[PDB]
Amino acid sequence: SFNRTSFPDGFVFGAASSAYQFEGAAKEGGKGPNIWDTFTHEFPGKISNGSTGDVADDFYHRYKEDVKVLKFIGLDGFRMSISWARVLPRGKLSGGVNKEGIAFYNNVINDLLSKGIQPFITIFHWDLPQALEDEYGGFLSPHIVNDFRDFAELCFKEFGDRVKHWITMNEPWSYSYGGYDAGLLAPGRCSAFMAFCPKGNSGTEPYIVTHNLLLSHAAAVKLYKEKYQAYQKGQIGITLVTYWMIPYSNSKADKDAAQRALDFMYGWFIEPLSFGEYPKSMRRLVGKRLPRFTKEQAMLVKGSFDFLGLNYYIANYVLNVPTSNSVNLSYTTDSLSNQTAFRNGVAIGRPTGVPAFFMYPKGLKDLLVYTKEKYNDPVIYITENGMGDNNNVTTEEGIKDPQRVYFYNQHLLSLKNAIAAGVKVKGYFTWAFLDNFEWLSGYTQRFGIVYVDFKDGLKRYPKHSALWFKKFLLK
Ligand SMILES: *[C@@H]1O[C@H](CO)[C@@H](O[C@@H]2O[C@H](CO)[C@@H](O[C@@H]3O[C@H](CO)[C@@H](O)[C@H](O)[C@@H]3O)[C@H](O)[C@H]2NC(C)=O)[C@H](O)[C@H]1NC(C)=O
Ligand SMILES: N=C(Cc1ccccc1)N[C@@H]1O[C@H](CO[C@@H]2OC[C@@H](O)[C@H](O)[C@H]2O)[C@@H](O)[C@H](O)[C@H]1O
Ligand SMILES: N=C(Cc1ccccc1)N[C@@H]1O[C@H](CO[C@@H]2OC[C@@H](O)[C@H](O)[C@H]2O)[C@@H](O)[C@H](O)[C@H]1O
Ligand SMILES: *[C@@H]1O[C@H](CO)[C@@H](O)[C@H](O)[C@H]1NC(C)=O
C-alpha cells in the first residue's frame, strides 16, 4: 500500500502547529499580552462564537503527552512556533527575557528530540507582543525590524544548538491582508468605509506592513547566516501561502487576471525574495502606494532564504474585473481580479467543512512546478497542507475522517509527481497536528489529524487520518 518509500530517502514527514492556536496559558507563566489576546477579547464578533485562544489545546501543559502522540504516529518532524510575548513579555529584548517561557520551549524541544522528531521552528506566527503594537504600531513602523531581529537572535541563542530548521515567519500575506485590508485578523485594521474596524486604511497599510515584514525577515536571515549558521549548522527560510490561480475562461482577460491575482498574493513576497523587487503588475496598478526598496534593502531581501516554506490549501478560478468609476480603495480591489470556487455552477473540487475550500490536489504540483521554473529551482518544504471538518458532529463521528484520508492520499500522490518533475521538495507537514483555535473561525473548524474533545477535558483521539499516516510512515 502507498507508503513513504515512494518518497526520497530522508524526506521529512511531519505535522504542524502554532503557538496562539495551540498553547493556551495565555495569561500564565510570566507571558505578556499579544495582539491576538487583545483582538479576540475586544472583538468577539470577529471570532466564530466569540471564542479565544486563552486555553486552546492547553499544549502548554499537555506537551509531554502530545509528543507521545507524535511519536505514535511516527512523524519525522514537528512544526511549531515561538510565542514572542511568552519569551519577551515586553516585546523588546531590553524589556527582559522570561525564563519560564524559555524553559517551556526548551522542554518541548528536548522531548521532541528524545523521540527522534526534528523541531521545525516558526519564529513569528502572527502573535506580536501588544507592547510593540502599542509602542509604534507594530509592522506599520520600521522600528519593528530591530525588535524582530533581536527576537530571532534570542531564539537562535537559546534553541539553535538543538533546532536546525528555522522559519522566520508564517504567511506574511495573511498578516498583511487579514490584519490591514479586510480587518479579519489581529490587529484588526481596515478602511472606515467598511464600517468594520476602528482604524486603518486598506489601500495603504497592507503595502506598508508587507514591506516591513520582508525587511524583518531579511534582518533575521542575515543575522543567522553571519553569526549562527556556521557553527549551529542549520538552515533558515520563510513560509509563504498562495491559492493556485486558474483562469475562469480561456480569454486573455481571465488569463491575465489569474496571473495578476498570483502576482498580488504570491509574487508580492517571492519576487522581492528572488529578485529584490515587487511584481511589475503591482508597481503599475498600485503606483506610489507601493513602497520602493532602497538599494540597501533590495540587497538584504534578495536571496534571503535557504529554503522556501509553502503552505498549500486550495485553488480558485479567477475572473477579470473591469476598471470602474466606483472605487473602494483597497489591496483587494487593486488587482482587478475576482476569485471563485465555482465555474458554470460547478465546484472546483470535492467539498470540505470549510465553505471556501475545495480539494484541488493538482494545484499543489502546479504551484511547485511554477515555483521551480520561475525562481531558480529552490529547496522547498510544504510547511502546511490540510483540510477542515465542520465542528458539528460527536467525537465518535469526528474521529472517522475518510475524507481527510482521501485528501492526504491525493495530495501526497500529487506531491510525488512534483518531485518526479524535479521540484526539490525535502519535507511535508500536515496542518494540523491537533484540532485547534482556527483564528477567525474559532473552534468551528477541525483541521487536525488528531481530534480534540473541547467539551470533555480537551482529550486527544487520533483520527483515521492519523492511523493512515502511521501506516504510511512504516511506523
Ligand atoms: C455538518 O456540516 C457539514 C458541512 O460541511 C454538512 O455536510 C455538508 O452537507 C451539505 C448539505 O447536506 C452538502 O451539500 C450538498 O450536497 C448534495 C449531495 O452531494 C448536493 O446535491 C447539494 O446541492 C448540496 O451541495 C455538503 O456536500 C456537505 N459537506 C461535506 C460532506 O463536506 C453535514 O450535513 C453536517 N452534519 C450534521 C450532522 O449536521
Ligand atoms: N499585562 C498583563 C495582562 C495580560 C498578560 C497576558 C495576556 C493578556 C493580558 N500581565 C503582565 O504582563 C507583563 C508584561 O507585559 C506588559 O504588560 C504591561 C503592558 O503595558 C506592556 O505593554 C506589556 O509588555 C508581565 O511582565 C507581568 O508579569 C504581568 O503581570
Ligand atoms: N489559513 C491560512 C491563511 C488565512 C488565514 C486566515 C484568513 C485568511 C487567510 N493559513 C494557514 O491555514 C491554517 C488553517 O487556516 C484556516 O483556514 C480556514 C479558515 O476558515 C480558518 O479560519 C483558518 O484558521 C491556519 O490554522 C494556519 O495558522 C495558517 O498558517
Ligand atoms: C511500500 O511501497 C513499495 C512500492 O515502492 C512496495 O514495494 C512495498 O511492498 C510497500 N510496503 C508496504 C508495507 O506497504
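Residues numbered from 1 in each chain as written, not as in the entry; some residues may be left out. Chains lettered and ligands numbered in written order. Heavy atoms only, no water. Residues with missing side-chain atoms left out of burial classes, pairs and counts.

Regarding how it was determined, this PDB entry cites X-ray crystallography in its header, along with a resolution of 1.800 Å.

If you check the PDB entry, the protein appears there as Beta-primeverosidase from Camellia sinensis. The header of this PDB entry states its title as "beta-Primeverosidase in complex with disaccharide substrate-analog N-beta-primeverosylamidine, natural aglycone derivative". Annotation of the protein in UniProt includes, under Sequence similarities (unreviewed entry), the sentence "Belongs to the glycosyl hydrolase 1 family." (UniProt positions renumbered as here; feature names shortened; annotations may be inferred.)

### Digging into the packing of helix α14 (residues 362–374) against helix α16 (residues 402–420)
Two elements in contact, α14 and α16, have axes separated by 8 Å at closest approach and are oriented at 25 degrees. Between α14 and α16, the angle falls in the class roughly parallel. Here the hand of the crossing between α14 and α16 comes out right-handed. Only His-411, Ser-414, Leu-415, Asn-417 and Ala-418 of α16 make contact with α14, whose side of the interface consists of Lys-362, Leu-364, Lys-365 and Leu-368. Of the residues belonging to the contact of α14 with α16, the class tally is 4 nonpolar, 3 polar and 2 charged. (Axes fitted to C-alpha atoms, helices over the stretch in contact; angles between N-to-C directions. Helix = DSSP H or I, 4+ residues; strand = E, 2+ residues; numbered from the N terminus. Parallel < 35°, antiparallel > 145°, perpendicular 65-115°, else oblique. Left-handed = near helix turned anticlockwise from the far one by under 90°. Contact = heavy atoms within 4.5 Å. Nonpolar A, V, L, I, M, F, W, Y, C, P; charged D, E, K, R; others polar.)

### Looking at the side chain of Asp-435
If you trace the backbone, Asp-435 turns up in the loop between β14 (424–430) and β15 (445–446). Here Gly-448 takes part through its backbone nitrogen, which lies 2.8 Å from a polar atom of the side chain of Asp-435. Within polar-contact distance, the side chain of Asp-435 engages the side chain of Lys-463 at 2.8 Å. If near-sequence neighbours (up to four positions away) are discounted, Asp-435 is found in contact with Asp-57, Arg-446, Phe-447, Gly-448, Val-450, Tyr-451, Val-452, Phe-454 and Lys-463. (Polar contact = N/O pair within 3.5 Å; in protein donor to acceptor, adjacent residues only side chain to side chain.)

### Brief notes about the site of ligand 4
Around ligand 4 lies a shell formed by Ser-1, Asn-3 and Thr-5. One of the backbone nitrogen or oxygen atoms of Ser-1 is found 3.0 Å away from an oxygen atom of ligand 4. Contact distances for ligand 4 include 3.3 Å between an oxygen atom and a side-chain N or O atom of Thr-5. The protein chains hide 35% of the 370 Å² of surface that ligand 4 would expose on its own. (Near = heavy atom within 4 Å. Areas by Shrake-Rupley, 256 points an atom, 1.4 Å probe, with all protein chains shown as cover.)

### Overview of the site of ligand 3
The environment of ligand 3 is made up of 18 residues, and the closest members are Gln-21, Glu-171, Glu-384, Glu-438 and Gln-445. Between an oxygen atom of ligand 3 and a side-chain N or O atom of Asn-170, the distance comes to 2.9 Å. Within the side chain of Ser-441, one N or O atom sits 2.7 Å away from an oxygen atom of ligand 3. For ligand 3, whose unbound accessible area comes to 580 Å², protein coverage reaches 90%. By residue class, the composition of the shell around ligand 3 is 8 nonpolar, 7 polar and 3 charged.

### Some details on the sheet that holds strand β2 (residues 77–81)
Strand order in the closed barrel formed by 8 strands is β1-β2-β3-β4-β5-β7-β12-β14, and the pairing between neighbours is parallel. Direction aside, the axes of adjacent strands within the sheet are offset by 30 degrees on average. As judged from the 4 bridges shared by strand β1 (residues 12–16) and β14, these two strands associate in the parallel manner. Bridge pairing in β14 places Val-12 opposite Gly-427. Its contacts with the sheet place helix α8 (residues 172–181) against β3 (118–124), β4 (165–170) and β5 (235–241), and it is angled at close to 40 degrees to β5. Of the strands in this sheet, β1, β7 (307–312), β12 (379–385) and β14 are in contact with α16, which crosses β14 at around 170 degrees. (Pairing = 2+ DSSP bridges.)

### What to know about the sheet that holds strand β8 (residues 315–320)
Taken together, 3 strands build an open sheet; the order of strands is β6-β8-β9 and the sheet is mixed. Each edge of the open sheet is held by one strand with a lone partner, namely β6 (244–247) and β9 (337–340). On average, each strand axis in the sheet is inclined to that of its neighbour by 40 degrees, with strand direction left out of account. With 4 bridges connecting them, β6 and β8 associate as parallel partners. Opposite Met-245, over in β8, you have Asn-316 as the bridge partner. Against the sheet, helix α10 (residues 252–275) engages β6, β8 and β9, with an angle of about 120 degrees to β8.

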